[PDB]
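What follows is the residue order along each chain.
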Amino acid sequence: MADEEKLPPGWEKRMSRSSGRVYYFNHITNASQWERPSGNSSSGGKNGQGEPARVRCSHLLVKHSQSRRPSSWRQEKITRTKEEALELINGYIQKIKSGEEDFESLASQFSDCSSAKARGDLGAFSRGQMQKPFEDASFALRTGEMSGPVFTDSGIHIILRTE
Amino acid sequence: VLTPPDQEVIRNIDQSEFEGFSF
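Residues numbered from 1 in each chain as written, not as in the entry; some residues may be left out. Chains lettered and ligands numbered in written order. Heavy atoms only, no water.

For this entry, the PDB record names solution NMR as the structure determination method.

If you want it as structure tokens, here you go:
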């Protein structure tokens, strides 16, 4: 029996609810991923021109009922519960990683924010014009990394860096 | 349970509030 199919303490080999898909859930820091933590044989990383002094990513923003603004260009009566927003946004990621819909094509489609026209792309910007806590934040993710539902003031939204 | 890959440590980027956009 292979013991290497196990995970180090803190990591729990979990499964998707009613789906049967197996992934890795770290209950220590609450992190989650599908790639083996020690799978350093092949790391994902795209080539981006320019150092982390400026970056360019794409995001999918979903607004909920109790948001700063309950209205948008596509829906002015946005009344969706937080559980709904989470399940729909996580559902999008799942089809993306499955190669069903690309983040770009999908973001331009399901973006609740005004970034829909730009396919979720925020553009390439340099440090200075960011909020103090977010300024150093912009430069943390590299080209090829996609995070899940991040909880900021604006609401629930995912992110993917392209440059 | 969440399912999609989400890194607790490295998840920071232009997450909307990187500018005056929205908030």
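Caption draft 1: Up close: the overall build of chain A. Helices and strands together make up the secondary structure of chain A, namely three helices and seven strands. Each helix and strand of chain A, ordered N terminal to C terminal, gives the series β-β-β-β-α-α-β-α-β-β. Within chain A, the fraction of its 163 residues that count as buried is 40%. The long-range fraction of contacts in chain A, counting pairs at least 24 apart against all pairs at least 6 apart in sequence, stands at 52%. By element, 45% of the accessible surface of chain A is carried by carbon and sulfur atoms, the whole surface being about 9,900 Å². Averaging the positions of the 24 positive and the 21 negative side-chain charges in chain A gives two centres separated by 3 Å. (Helix = DSSP H or I, 4+ residues; strand = E, 2+ residues; numbered from the N terminus. Buried < 20%, exposed > 50% of the residue type's maximum accessible area, 1.4 Å probe, protein only. Contact = heavy atoms within 4.5 Å. Areas by Shrake-Rupley, 256 points an atom, 1.4 Å probe, with all protein chains shown as cover. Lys, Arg positive; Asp, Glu negative; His and termini not counted. Charge placed at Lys NZ, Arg CZ, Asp CG, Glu CD.)

Caption draft 2: Inspection of the UniProt feature "domain: PpiC" in chain A at higher detail. Mapped onto the present numbering, the UniProt feature "domain: PpiC" falls at residues 52–163 of chain A. The distance from the first to the last C-alpha atom of residues 52–163 of chain A is 10 Å, and the span holds 28% helix and 24% strand. (UniProt positions renumbered as here; feature names shortened; annotations may be inferred.)

Caption draft 3: Structural context of the pattern of salt bridges. Residues and elements named next belong to chain A. Under the defined criterion, the tally for this structure stands at 12 salt bridges over all chains. Ionic pairing is found between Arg54 and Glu163, a salt bridge with its closest N-O pair at 2.7 Å. Placement of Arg54 in strand 4 (residues 54–62) and of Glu163 in the segment after strand 7 (156–161) is noted, with a sequence separation of 109 residues between them. We classify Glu163 as partly exposed; its relative accessible area is 26%. In this structure, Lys95 and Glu101 form a salt bridge, with 2.6 Å as the shortest nitrogen-oxygen distance. The class of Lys95 is partly exposed, set by a relative accessible area of 24%. (Salt bridge = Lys/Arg side-chain N within 4 Å of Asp/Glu carboxyl O.)

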